[PDB]
Amino acid sequence: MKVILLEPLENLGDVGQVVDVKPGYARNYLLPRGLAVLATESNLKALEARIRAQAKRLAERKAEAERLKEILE
RNA sequence: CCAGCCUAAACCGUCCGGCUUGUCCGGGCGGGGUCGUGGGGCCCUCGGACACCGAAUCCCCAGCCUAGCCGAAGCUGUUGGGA
Ligand SMILES: [Mg+2]
Ligand SMILES: [Mg+2]
Ligand SMILES: [Mg+2]
Ligand SMILES: [Mg+2]
Ligand SMILES: [Mg+2]
Ligand SMILES: [Mg+2]
Ligand SMILES: [Mg+2]
Ligand SMILES: [Mg+2]
Ligand SMILES: [Mg+2]
Ligand SMILES: [Mg+2]
Numbered sequence: 001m002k003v004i005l006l007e008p009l010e011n012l013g014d015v016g017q018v019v020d021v022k023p024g025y026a027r028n029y030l031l032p033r034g035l036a037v038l039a040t041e042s043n044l045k046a047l048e049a050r051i052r053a054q055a056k057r058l059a060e061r062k063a064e065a066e067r068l069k070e071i072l073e
């Protein structure tokens, strides 16, 4: 099973990552310990918006301090 | 004997709660949609309301069921316990 994991995990990967486990690992450890969540299409999508909306949250807090470079220099 | 229909999904509005507040995610209601000459969603351009079609639902009636009622035309002998 593939999960997205909410915490950097040794052999696995870092947070936010989507990785393939053996279900046993997922259903009996990852999932239970809340260290990861099911790669549901219902959640790969809930990652589209976590992804884009902290990317444009700085794909604009840079487009903003760019004027402080237009006239404060 | 005769007859065909409703939906799920995209898509839109909504209300609720979950939260890492996100143009999201999930659940509920509504709309939308229902097909194989493929169909629907969405986006463009066009004539449709007064078009007509129409129930398997509902309303009234007829008819029927559960009691009934009307209904024609004969009398005398005669054997016989009795016609
Ligand atoms: Mg196995
Ligand atoms: Mg969705
Ligand atoms: Mg979506
Ligand atoms: Mg419906
Ligand atoms: Mg949807
Ligand atoms: Mg919606
Ligand atoms: Mg309102
Ligand atoms: Mg409908
Ligand atoms: Mg009108
Ligand atoms: Mg009719």
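With the first letter of the first sequence counted as 1, position 57 gets the number 57 in PDB author numbering; the numbers rise by one all the way through. Think of the CB as a built atom: it goes at the ideal place given N, C-alpha and C, for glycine as much as any other residue.
Inset, instruction - Say whether the region 47-66 touches the region 25-38, bearing in mind that this needs 3 or more beta-carbon pairs closer than 8 Å, one atom from each stretch. - result: no
Legend entry - Nonlocal neighbours in the same chain, by C-beta distance under 7 Å from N43, ignoring five residues either side: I4, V37
Inset, instruction - Let me know if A26 comes out buried or exposed under the rule of 16 or more other beta-carbons within 10 Å of its beta-carbon. - result: buried
Legend entry - Straight-line gap, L68 to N11 (C-alpha atoms, nearest Å): 43 Å
Inset, instruction - Output yes or no for whether 8 Å exceeds the beta carbon distance between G13 and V21. - result: no
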